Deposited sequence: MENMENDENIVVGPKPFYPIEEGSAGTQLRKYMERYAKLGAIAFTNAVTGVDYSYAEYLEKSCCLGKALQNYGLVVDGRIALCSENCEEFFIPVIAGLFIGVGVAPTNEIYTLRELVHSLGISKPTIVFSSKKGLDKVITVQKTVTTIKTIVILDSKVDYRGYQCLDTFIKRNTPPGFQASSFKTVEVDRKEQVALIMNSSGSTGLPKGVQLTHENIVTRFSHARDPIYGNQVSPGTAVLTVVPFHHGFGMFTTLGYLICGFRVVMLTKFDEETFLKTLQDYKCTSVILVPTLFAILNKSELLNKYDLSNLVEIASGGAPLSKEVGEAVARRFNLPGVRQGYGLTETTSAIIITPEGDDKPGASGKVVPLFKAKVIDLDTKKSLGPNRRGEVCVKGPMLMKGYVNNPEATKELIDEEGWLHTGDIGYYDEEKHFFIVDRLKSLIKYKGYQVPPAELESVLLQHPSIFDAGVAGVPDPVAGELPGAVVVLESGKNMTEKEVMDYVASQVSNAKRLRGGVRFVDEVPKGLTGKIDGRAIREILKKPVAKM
């Protein structure tokens, strides 16, 4: 009808499980002498050969430990260079992996691990306290392994100890064989979005991502040794599936845990990074930065973003500062594995999230009538393709509400496409501010607020009102030293937008705009601050 269809992929989906394909590629970069992971802050490298060997050795160890196909393990860790060893090993042996982050509240962690039910938890040092407390409630956790220590830590086996205690002394990594699985049925990963539900992704979902990752238009060209800088969380699909695609491509993954303006720029220079992937929050910092010029950034050819709405004006300004044509955006959901809309190489358009990825379909549906829309009409984005999740763990009800009777997943996101089939993502449906008969997107007002020289960060939500239903209000973080009044912010917004978008609900100044880990505004937190 009004359906938008993505092209055929350059590279067909290869045969084999997610683990078989990963080993195939990693083996190649291993012989080359390539480095897989670099911690930018400590300067610690892991070559592809060491990473491959530790993943194979861990795979054997887990089998010897007694884990069968369709068993479960989890991670609870902030970004560290060892993060993917349990992930890759799990994929090699057909055991489901549930990534969580150290930054979870205990309530989130008890609920998340309560759903996935892991036999072993690979924890970082910093996460150990929280994982010990989770174990008192989620009592099916037998073992905790410390991921980022070379020696045992507080009485818990470190990763090397567990491999050593669970492989024979004569075992060579090279004698290990990956397990073939039923691809469309085998759960590979249990993901949480940014109380969490368990999103089940299969080996088929993942091997499709691998095809996109190496696509010359929708991914990155294979080029071993090329350094990429990432600041995105690894436990989330944003970080999970960009990173796995980088390993397929042979890239050197430069990881930066805590963001810092000077460290960020030093890193880009010192590793001659070709590309950088960011959450939208960080653009605000780069647009204001006075330091850009004191660094050699001549090698940077691509700046990528995702996770949350990106101000088209801030994005353009940042592209201009780094002398690039545009920003490469990706858009997707945890439920669709990874990005299903991606900026095509050499087809940038300011404010667009990109175009439908190979093997996917997209449509925009009217909010009222559920009917398909032509270009330039806003509505709910729906998508269909082989990266749709298997379902939520033990939640058939929520699964049915998301994927309709015709196999279309309803994103809960509002957007539109233009005459050229470029997709623009506006905001989340649940976030629209219902001011009288208007539906006002907070992202549109956030953008205006971000263009202000005195405003570092902003967030917008609706405030209840007996007359109008909802009034747009904002929380605003000023640049250090700078100073503004509630009315100054309101007057500046009023001069730029139409009547309906005015900040009738007030402005409050805060230290930190409440946000999720991938950049999405916590509208509930802002409502409360404002009221």
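- Gaps between the deposited sequence and the modelled coordinates occur at 1-7, 202-205, 543-548, listed in sequence order.
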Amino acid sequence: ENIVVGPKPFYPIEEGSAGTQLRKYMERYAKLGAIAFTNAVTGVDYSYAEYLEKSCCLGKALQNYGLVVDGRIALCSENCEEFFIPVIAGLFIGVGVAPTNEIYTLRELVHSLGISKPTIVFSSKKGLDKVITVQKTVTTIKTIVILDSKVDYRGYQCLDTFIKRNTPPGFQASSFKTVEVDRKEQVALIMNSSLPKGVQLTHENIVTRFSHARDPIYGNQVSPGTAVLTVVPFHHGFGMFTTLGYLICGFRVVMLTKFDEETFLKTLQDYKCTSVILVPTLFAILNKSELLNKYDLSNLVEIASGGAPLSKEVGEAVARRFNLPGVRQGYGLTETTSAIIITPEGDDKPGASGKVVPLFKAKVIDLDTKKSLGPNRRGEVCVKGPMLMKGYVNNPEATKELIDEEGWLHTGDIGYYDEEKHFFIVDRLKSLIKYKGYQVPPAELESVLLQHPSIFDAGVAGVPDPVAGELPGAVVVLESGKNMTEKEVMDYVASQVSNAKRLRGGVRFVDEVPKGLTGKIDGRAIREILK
From here on, numbers count along this sequence of modelled residues.
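- Once the C-alpha B-factors are averaged per stretch, 274-282 and 331-339 rank with 274-282 first.
- For the pair 12-20 and 505-513, the mean B factor over Cα atoms is greater in 505-513.
- Per the deposited coordinates, the residue with the largest Cα temperature factor out of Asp152, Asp215, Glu82, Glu204 is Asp152.
- Residue set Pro168, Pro233, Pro441, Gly219: peak C-alpha B-factor at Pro168 (per PDB entry).
- In the PDB entry, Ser211 places in the lowest third of its chain by CA B-factor.
- Annotation for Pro350: CA B-factor lies in the highest third of the chain's modelled residues.
- Sorting the modelled residues of the chain by their CA temperature factor places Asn293 in the highest third.
- Among all modelled residues in this chain, the alpha-carbon of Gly437 has a temperature factor (C-alpha) in the middle third.
- Placement of the Cα temperature factor of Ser174 within the chain: highest third of the modelled residues, per the deposited record.
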